[PDB]
Amino acid sequence: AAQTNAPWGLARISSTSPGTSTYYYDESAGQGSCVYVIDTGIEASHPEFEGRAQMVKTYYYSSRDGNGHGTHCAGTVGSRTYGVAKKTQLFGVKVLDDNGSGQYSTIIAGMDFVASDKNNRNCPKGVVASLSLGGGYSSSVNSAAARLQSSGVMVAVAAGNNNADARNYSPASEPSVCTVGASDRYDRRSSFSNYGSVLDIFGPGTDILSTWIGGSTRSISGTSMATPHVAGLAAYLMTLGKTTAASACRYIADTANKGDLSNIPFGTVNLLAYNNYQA
Ligand SMILES: [Ca+2]
Ligand SMILES: [Ca+2]
């Protein structure tokens, strides 16, 4: 399949070079996979989700996404126009309030919820979790992310937007999950993107157009935007049977565009998520 005039991030993950406009992907498009978006919620009614999104858990008064961040991330995972895995099933877990903030105890609970809730869903091609959140280092947050990964979920987490070593941030610093840095349309590390040995992969993160609340769209930047690119790619590859939840991050790194990025500090992987699609 080919989506013309796609968001640059989608085109980038289906190209060996930057500057393309078409997103080439296999028509399976993550069908049969499931991606839990652990964030501010998802505006499931957005036409861009085509009924494939639903809220499954909220830790606040409402399951409504009153912020937009979670809806944006979910859109990059699997919205029709802005998603990597355009046929995946999206499950919203609202651990962040409508200001985009959340207590670590609630974020931990949301991870534990997904690890259990997945056993009640039909996700034959596997389960992915996109965690476009994080704060300071927390062994308990890291352990929760490790538990979620160990339970059989492909966990993708944002590296953080501190332009610093992700070792000091969680769940970014959890080794067992897929820690995602951000790049821009010119194959530079996003000026805000965290770095360091714990990063597994980079994804498009600067000026990422996706869904937004109120049935709208907007372009925002962050490692929160690169993470769903990798989560959606994992779902896409798992549907293709090329990898599993336990190995998806290693597979994405193994098959990534290598050495394409600039402004990558020594010791940080120079790997950009790439779907290796061949028509
Ligand atoms: Ca290249
Ligand atoms: Ca890792």
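Structure determination for this PDB entry is given in the record as electron crystallography, at a resolution of 1.500 Å.

In the nomenclature of the PDB entry, the protein is known as Proteinase K of Parengyodontium album. Here the PDB entry's recorded title is "MicroED structure of Proteinase K from oxygen milled lamellae". The UniProt entry for the protein carries the following comment under Function: "Hydrolyzes keratin at aromatic and hydrophobic residues." In the Sequence similarities part of its UniProt record, the protein is described as follows: "Belongs to the peptidase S8 family."

Caption draft 1: Up close: the UniProt feature "disulfide bond" in the protein. Sulfur atoms of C34 and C123, annotated by UniProt as disulfide partners, sit 2.0 Å apart, under the 2.5 Å cut-off for a formed bond. Residue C34 is found in strand β3 (residues 33-39), and its partner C123 is found in the loop between α3 (104-117) and β6 (126-131); the two are separated by 89 residues along the sequence. A relative accessible area of 1% places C34 in the buried class. The buried category is assigned to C123, whose relative accessible area is 12%.

Caption draft 2: Broad picture of the environment of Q149. Assignment of secondary structure puts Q149 in helix α4 (residues 139-150). Here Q149 falls in the buried class, since its relative accessible area comes to 12%. Sequence separation of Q149 and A115 is 34 residues, and the distance between their C-alpha atoms is 8.2 Å. Sequence-distant contacts of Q149, that is, excluding residues within four places in its chain, are made with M154, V155, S176, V177, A245 and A246.

Caption draft 3: Quick peek at the side chain of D184. Here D184 is to be found in the loop between β10 (178-183) and β11 (201-204). Not counting the four nearest positions on each side in its chain, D184 is found in contact with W8, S190 and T206.

About the cut-offs
- Residues numbered from 1 in each chain as written, not as in the entry; some residues may be left out.
- Chains lettered and ligands numbered in written order.
- Heavy atoms only, no water.
- UniProt positions renumbered as here; feature names shortened; annotations may be inferred.
- Disulfide = S-S within 2.5 Å.
- Helix = DSSP H or I, 4+ residues; strand = E, 2+ residues; numbered from the N terminus.
- Buried < 20%, exposed > 50% of the residue type's maximum accessible area, 1.4 Å probe, protein only.
- Contact = heavy atoms within 4.5 Å.

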